[PDB]
Amino acid sequence: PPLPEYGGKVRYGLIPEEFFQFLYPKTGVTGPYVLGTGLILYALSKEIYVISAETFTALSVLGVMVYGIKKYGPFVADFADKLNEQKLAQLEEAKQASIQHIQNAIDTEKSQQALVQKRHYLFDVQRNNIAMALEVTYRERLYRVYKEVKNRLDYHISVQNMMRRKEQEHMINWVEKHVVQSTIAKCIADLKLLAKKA
Amino acid sequence: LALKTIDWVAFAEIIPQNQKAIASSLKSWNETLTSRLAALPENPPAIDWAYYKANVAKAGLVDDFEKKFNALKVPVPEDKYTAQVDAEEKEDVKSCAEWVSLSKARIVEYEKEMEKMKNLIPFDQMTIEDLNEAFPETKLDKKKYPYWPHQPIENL
Amino acid sequence: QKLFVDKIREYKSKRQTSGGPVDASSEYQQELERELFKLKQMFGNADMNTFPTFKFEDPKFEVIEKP
């Protein structure tokens, strides 16, 4: 239950305004003060209030009290109000701090769920490597078998080539060295061509 | 040859710190096998016999070399290793889904509790028991300190 | 025609090689064994006149599943 905002509207700290309103309709705005004057004067004149040393003790206490409230009442009011505002702000901030803590916890959990959803890359990487290794070995096997068969065929062609080479070289130098082993016709024909030199 | 394209930082996030080395070795072997599949084509160029029919003067040996080659059954290696990592992936997806269900339980609890904190009574209409059941940290230890003020005097 | 006599008579003498593998060499084998040794040994070491038999290895693999 929330407290009200304002009190009961006393006057002079002694008399609530309900009384002045209650005497308004029949004796105007001056009814209460006329009644107070009348009651004071009747108490005085008939020794209901005996003036004594307590009159002046009471006057001094009442003066100190009125001066005290008038001067240090604003300060005490603002002190109480600041105490309440500080407690309220501290409680509100503690509330917001707990809200922020649990919102951060929810976010952290959803992030962990994102990670655990990202988990599958380990296995697709391993599967990638298995497939690639098997394909690499297949292609290495096909190049090995191709290149080996081709190497044998090219060895045949190379032995044939260098056999032909050595043989043709020996052939040509044999035929030159062997025609050396073999003529007035050329004797005359030399002079014939020298004449044909012109 | 249908591969799984991969993120590498994402691959990094899901690796516990007791098997980082294995993650790095998987990465290095992935890169090595990509490289080695790059630098060799798919099928060898089967050389025409023409240059090997008309220039090997040897007696029919080329023909049996080519017969042994056209009839060669080169062994395609089979997997024998992917099915078991698929089984491990199945088990892992099981563990992941159960942990996810637990985290969803915790998340629904947090959302209930955050609705509780979000709907507090205004603080100027709040008894002290309402505070002690809202933030139970704020309750006087009437167990250890049984006498007033129910807390250490320095705390006041 | 000195060199034409050379050419034609000598190519005919060469073509007379029915029984002659190398046309009356009487030599050139003492080095031909070295040449063919060298050629084959630098091409390979096994017998390169027969088909090659193929041994094939298989890739290694380890314990990869979560320990």
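Residues numbered from 1 in each chain as written, not as in the entry; some residues may be left out. Chains lettered and ligands numbered in written order. Heavy atoms only, no water. Residues with missing side-chain atoms left out of burial classes, pairs and counts.

For this entry, the PDB record names cryo-EM as the structure determination method and reports a resolution of 3.56 Å.

> Even after reading the chapter, I still don't get the overall build of chain B, so can you show me in this structure?
Looking only at helices and strands, chain B features 6 helices and 0 strands. For chain B, the α and β elements follow one another from N to C terminus as α-α-α-α-α-α. A compact globule built from 156 residues would reach a C-alpha radius of gyration of about 15 Å, whereas chain B, at 37 Å, exceeds it by more than 25%. With respect to the principal axes defined by its C-alpha atoms, chain B has extents near 120 × 30 × 25 Å. Considering only contacts in chain B between residues 6 or more positions apart, those separated by 24 or more positions represent 3%. (Helix = DSSP H or I, 4+ residues; strand = E, 2+ residues; numbered from the N terminus. Rg over C-alpha atoms; globule rule 2.2 N^0.38 Å. Contact = heavy atoms within 4.5 Å.)

> I tried to follow the overall build of chain C on my own but got confused; where do I start?
Check the secondary structure of chain C and you find 2 helices and 0 strands. Overall size of chain C, expressed as C-alpha extent along the three principal axes, is 95 × 25 × 20 Å.

> Would you take a moment to explain helix α5 (residues 82-118) of chain B for this structure?
Because an α-helix packs 3.6 residues into every turn, residues spaced three or four apart end up facing the same way. For α5 of chain B, spanning 37 residues, the distance from its first C-alpha to its last is 52 Å, which sits close to the expected 54 Å at 1.5 Å a residue. Inspection of α5 of chain B places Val-85, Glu-88, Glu-89, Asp-92, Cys-96, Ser-103, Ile-107, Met-114 and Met-117 of chain B among the buried residues, and these make up the whole buried set. Tucked into the core, α5 of chain B has its buried residues touching α3 (53-118) and α4 (121-179) of chain A together with α6 (128-134) of chain B. (Expected span 1.5 Å × (residues − 1). Buried < 20%, exposed > 50% of the residue type's maximum accessible area, 1.4 Å probe, protein only.)

> Would you take a moment to explain the interface of chain A and chain C for this structure?
Put simply, an interface is often sized by how much accessible area is lost when its parts join up. Contact with chain A, which involves 28 residues of that partner, is made by 30 residues of chain C. Classifying every residue of the side of chain A that touches chain C gives 13 nonpolar, 7 polar and 8 charged. (Nonpolar A, V, L, I, M, F, W, Y, C, P; charged D, E, K, R; others polar.)

> Looking at this structure, how should I read the interface of chain B and chain A?
At the interface, 68 residues of chain B touch 55 residues of chain A. Buried surface at the junction of chain B and chain A, summed over both partners, amounts to about 6,100 Å²; 74% is from carbon and sulfur atoms. One can count 6 salt bridges joining chain B with chain A. A salt bridge links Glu-109 of chain A to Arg-106 of chain B; its shortest N-O distance comes to 2.5 Å. Remark: the boundary between chain B and chain A carries 14 residue pairs in polar contact. Mapped onto the side of chain B that touches chain A, the elements with two or more residues apiece are α1 (9-13), α2 (20-38), α3 (50-53), α4 (61-70) and α5 of chain B. When residues in the side of chain B that touches chain A are grouped by element, the largest group, 19 residues, is from α5 of chain B. When grouped by side-chain class, the residues that make up the side of chain B that touches chain A number 43 nonpolar, 8 polar and 17 charged. (Buried area = accessible area lost by both parts, 1.4 Å probe. Salt bridge = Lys/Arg side-chain N within 4 Å of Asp/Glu carboxyl O. Polar contact = N/O pair within 3.5 Å; in protein donor to acceptor, adjacent residues only side chain to side chain.)

> Looking at this structure, how should I read the layout of surface pockets?
Any space left empty among the atoms is revealed by the rolling of a water-sized probe across them. Taken as a whole, the largest pocket encloses approximately 1,100 Å³ of empty space. Forming the boundary of the largest pocket are 25 residues, of which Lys-87 and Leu-91 of chain A together with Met-126, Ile-128 and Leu-131 of chain B lie nearest the centre. The set of elements that each furnish at least two residues to the lining of the largest pocket consists of α3 of chain A together with α6 of chain B. For the lining of the largest pocket, the residue count by class is 11 nonpolar, 7 polar and 7 charged. One number sums up the size of the second largest pocket: a volume of about 630 Å³. (1 Å grid on protein atoms, 1.4 Å probe; cavity = no way out; pocket = protein on both sides within 12 Å on 5 of 7 lines; lining within 4 Å. Points joined across faces, edges and corners; volume = space filled by probe spheres on them.)

> Where do I start with the packing of aromatic side chains in this structure?
Each aromatic ring pair is specified by the distance between its two centres and by the angle formed by the two planes. Tallied over the entire structure, the rule returns 12 aromatic pairs over all chains. Positioned above the aromatic ring of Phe-20 of chain A is the side chain of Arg-11 of chain A, whose terminal nitrogen or guanidinium carbon lies 3.9 Å from the ring centre. In this arrangement the basic side chain of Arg-15 of chain C is found over the ring face of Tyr-11 of chain C, its NZ or CZ atom lying 4.8 Å from the centre. (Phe/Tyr/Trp six-rings, centres within 6.5 Å; stacked < 30°, edge-to-face > 60°. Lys NZ or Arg CZ within 6 Å of the ring centre and 35° of its normal.)

> Is there a simple way to think about the domain arrangement of chain B in this case?
Domain annotation of chain B identifies domain 1 (1-41), domain 2 (81-119) and domain 3 (122-156). A C-alpha centroid distance of 27 Å is found between domain 1 of chain B and domain 2 of chain B. (Domains from an automatic or database assignment.)

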